[PDB]
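Those letters in the sequence shown? Residues 3 to 64, 68 to 229, per the authors' numbering, in order. By construction, the Cβ of each residue, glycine as well, lies at the ideal position given by its N, Cα and C atoms. Input: a single structure, listed below in structure tokens.
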Amino acid sequence: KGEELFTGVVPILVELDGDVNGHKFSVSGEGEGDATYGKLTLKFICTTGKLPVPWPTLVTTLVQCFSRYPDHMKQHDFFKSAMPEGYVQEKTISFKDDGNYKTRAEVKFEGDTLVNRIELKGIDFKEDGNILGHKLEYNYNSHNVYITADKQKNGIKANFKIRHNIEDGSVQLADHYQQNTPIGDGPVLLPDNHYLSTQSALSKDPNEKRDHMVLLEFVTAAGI
Ligand SMILES: [Mg+2]
Numbered sequence: 003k004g005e006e007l008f009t010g011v012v013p014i015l016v017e018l019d020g021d022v023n024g025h026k027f028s029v030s031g032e033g034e035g036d037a038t039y040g041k042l043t044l045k046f047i048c049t050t051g052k053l054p055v056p057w058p059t060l061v062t063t064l068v069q070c071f072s073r074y075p076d077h078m079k080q081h082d083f084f085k086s087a088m089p090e091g092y093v094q095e096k097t098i099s100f101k102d103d104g105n106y107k108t109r110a111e112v113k114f115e116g117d118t119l120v121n122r123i124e125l126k127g128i129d130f131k132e133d134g135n136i137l138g139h140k141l142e143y144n145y146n147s148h149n150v151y152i153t154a155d156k157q158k159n160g161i162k163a164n165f166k167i168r169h170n171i172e173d174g175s176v177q178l179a180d181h182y183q184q185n186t187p188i189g190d191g192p193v194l195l196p197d198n199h200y201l202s203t204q205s206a207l208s209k210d211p212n213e214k215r216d217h218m219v220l221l222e223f224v225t226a227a228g229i
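Put into structure tokens, the structure is as follows:
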């Protein structure tokens, strides 16, 4: 069973390959997760130089297997149940009055390390919009990720709305439609309707000169 692999501190590697309106970029992330406290501590670096999109727009794309599922809700943890073979996570992120991100990721164990390999494709963004014009504040709000079962594809679906704070006090709504499917042919946990309560804190490393993001995240399952 997959939950046994998450009882302690597990190292994480995140690799993103992106293209937003022709602008190519790569992000490399390193850190660790401790599912017992639903804690994520990571440092992401833009390996290609300065990013053409704001760092907050990439948080949801950049490992829900580290969510803390209370003991009474363990039978509803799809994410850990798909491990070690892993799962495919596909998202369509629709930014209100702007373009969209279509992401495809494979989340799985590579030895004792949990890896998140992502391909991101962004299209139809406005040149001076909130995203390409870098008008988003370097912070993150607390959200609820509503999960439901997709018994047809032996996985789950998630529907949530992310609100990015704009520099003028307004908000940029980023509608998310998620779909997860297991890579392996082993039995997975099909959950009842519930949500993941998320809290994210963004910061910078004072000694780092490259474009980066330090992320402290806490994810807890609720709702049942
Ligand atoms: Mg077109």
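Which listed residue (the options) has its alpha carbon closest to that of residue i
| i | options | result |
| --- | --- | --- |
| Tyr-151 | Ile-136, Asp-180, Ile-171 and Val-176 | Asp-180 |
| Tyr-143 | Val-193, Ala-206, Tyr-106 and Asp-82 | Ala-206 |
| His-77 | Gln-204, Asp-197, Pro-211 and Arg-215 | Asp-197 |
| residue 230 | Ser-208, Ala-154 and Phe-8 | Look at the range of the chain in this structure, 3 to 229, and you will see that residue 230 is not part of it. |
| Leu-195 | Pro-187, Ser-202 and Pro-75 | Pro-187 |
| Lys-131 | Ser-147, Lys-101, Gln-183 and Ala-154 | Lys-101 |
| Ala-154 | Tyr-200, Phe-71 and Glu-5 | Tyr-200 |
| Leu-141 | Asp-173, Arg-122, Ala-163 and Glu-111 | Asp-173 |
| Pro-89 | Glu-111, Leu-44, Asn-164 and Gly-40 | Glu-111 |
| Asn-135 | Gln-183, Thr-59, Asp-216 and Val-16 | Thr-59 |
| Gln-183 | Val-120, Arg-215, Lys-107 and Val-176 | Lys-107 |
| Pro-192 | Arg-122, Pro-75, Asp-82 and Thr-118 | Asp-82 |
| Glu-6 | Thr-62, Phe-165, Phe-84 and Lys-96 | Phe-84 |
Chain-order list of residues whose beta-carbon lies under 6 Å from that of residue i (same chain, five-residue window excluded)
| i | result |
| --- | --- |
| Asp-129 | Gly-104 |
| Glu-124 | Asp-19 and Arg-109 |
| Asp-36 | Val-11 |
| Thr-50 | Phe-27 and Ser-28 |
| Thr-203 | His-148 and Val-224 |
| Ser-86 | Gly-4, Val-193 and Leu-194 |
| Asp-21 | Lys-126 |
Contacting residues, own chain, Cβ-Cβ under 7 Å from residue i (five flanking each side not counted)
| i | result |
| --- | --- |
| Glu-34 | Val-11, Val-12, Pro-13, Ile-14 and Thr-43 |
| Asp-216 | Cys-48, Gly-51, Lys-52 and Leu-53 |
task = Could I get the ranges of all uninterrupted beta strand (DSSP E) runs contained in the segment 79 to 106, with 3 residues as the minimum, in chain order?
result = Taken in chain order, the whole beta strand (DSSP E) runs of length 3 or more contained in the segment 79 to 106 are 92 to 100.
Three or more C-beta pairs below 8 Å linking the segment 54 to 64 and the segment 154 to 161 = No, because fewer than three Cβ pairs between the segment 54 to 64 and the segment 154 to 161 fall closer than 8 Å, the two stretches do not touch.
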